[PDB]
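The chain below stands alone and is given in structure tokens; this is the form deposited in one PDB entry.
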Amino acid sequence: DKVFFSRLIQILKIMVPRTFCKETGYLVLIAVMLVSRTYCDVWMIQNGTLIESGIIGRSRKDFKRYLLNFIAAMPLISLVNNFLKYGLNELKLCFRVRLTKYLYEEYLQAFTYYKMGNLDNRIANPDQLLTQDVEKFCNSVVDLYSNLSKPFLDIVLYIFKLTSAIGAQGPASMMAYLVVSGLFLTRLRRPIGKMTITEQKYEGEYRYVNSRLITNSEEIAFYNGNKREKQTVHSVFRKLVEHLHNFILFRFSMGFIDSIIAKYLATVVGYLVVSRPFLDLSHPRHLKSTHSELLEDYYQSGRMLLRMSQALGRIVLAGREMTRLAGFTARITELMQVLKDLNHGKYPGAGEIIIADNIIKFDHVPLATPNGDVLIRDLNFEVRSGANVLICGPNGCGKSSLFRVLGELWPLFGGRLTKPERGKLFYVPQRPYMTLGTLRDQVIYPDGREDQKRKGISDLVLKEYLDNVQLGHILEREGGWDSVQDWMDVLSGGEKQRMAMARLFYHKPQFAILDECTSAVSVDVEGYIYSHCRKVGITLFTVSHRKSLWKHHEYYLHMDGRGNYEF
């Protein structure tokens, strides 16, 4: 994985912006507590064998002297190991916040929550990539920082310490054995992941014959069915997935061999290397004039060799985890590339859109879907603020395609388009959109709260806007202007359309779409809404099947879904 490091650097520069920040501060703090954690671990090794030497030296003075050193130093030892884990966890959180604040300026920039989900197919689940995969990526880049550099400082320190303690060949025949036996064991157990997938395949298709029996049992039951679908499930279970007995038999024999040359013969090698200074009376540098320092020197060397040996089991596992980290940075870099692709207008684009006021002419503009299939050839019409348009047709596949192009939600396949910008086009579907929040932020949704007051507005004006739609009892009944509850369930039917009309009245757009929305609204207040929009100047694009709504539309556009149209 050569490009994995190159891709990981780009993400790292996002999560470590400058050289003076808390993330840089935590990185130094963890590195300081990684070094000081190894010293505390060695100090326990040296002090621990001095409590034990004083116990069996039968001196109460030596036992008290070295037990009190342990008691005095354990508040500091516990501080080091536990403030290192605090620094790791805080770095995981700081990394996640740094990435999220970068993956959400690109995501929610112009229309990218929409284009990346319902206009391209690069990412199947956008949501799972911005909340779930971001958390696991950050939890693995500092996990690899710790799990790789923690059992590496002591590897260097124990090799440096076991040398000049059991000789240079001491922690080298242990390295040779742990590596040679590790490679041989891994090669020997090759058919473990080979028959793990076979078990998973047999498990996966044992649930299939069960699910196929249930979601299809209607026909199996009329004619008897059982005793034939019973032997189908039985054969998949009794015959197919009972290699577990062959899998269990292999794991027993493999376990019998890997528990000898990696668990008991590894210690036999450990005894041999450590015992060289002791079973050699002509050893000048080390023990030659020692009486009970032989005891402390052995268990210091014996405990160091055990920690040096078991640090490889954690540096090997850390390298294995790097493959998972390589998988995560692939999806993050894929998501980052996709977000940067759509932010420039990529996923088409030949046509030009020029922002104009009260001009919506579609002069020589096709109606191609984002794939490219043109369904309307020669759209050419203009309407002005003051004349309504009724859209007619059997709603096949083109009714909900002119609006998407109109709102710039879909690409323009050539031609010149004039229309107001995003803030003036309004679309009201059959079920209106209710916002997660209070009752006040359902009338003023696309506007915020702080910038709502600067428009010279008041809650009384919000009430009278909401009163014009024949809805004044909900405000008092629900709990007030700041009552927070789910408005998709606590509201059902006409009141949603009434609140949508109230929002439209409050915002006062230039053009509005009423696609099969006014279906549970009284006809008198419907005419009132039409008159209000006409007198204030809210042009409406009415889509309806009711024949009585044909008196407030100066123009009329019809789509057949076959290729032609009349205006």
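Basically, rigid core = biggest C-alpha set you can superpose within 1.5 Å across the two forms. Residue numbers here begin at 1 and follow the sequence given.
Same protein, other form: the form deposited in another entry, not shown, and the subject of what follows.
- With the rigid core aligned between this form and the one not shown, only one of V180, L79, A172, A356 has a CA shift of 2 Å or more: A356.
- Shown in the overlay between this form and the one not shown, fitted on the rigid core, is a CA shift at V536 of 2 Å or greater.
- Relative to the superposed rigid core, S36 undergoes a CA displacement smaller than 2 Å between this form and the one not shown.
- Taking the rigid core as fixed, one finds a CA shift for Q452 of 2 Å or more between this form and the one not shown.
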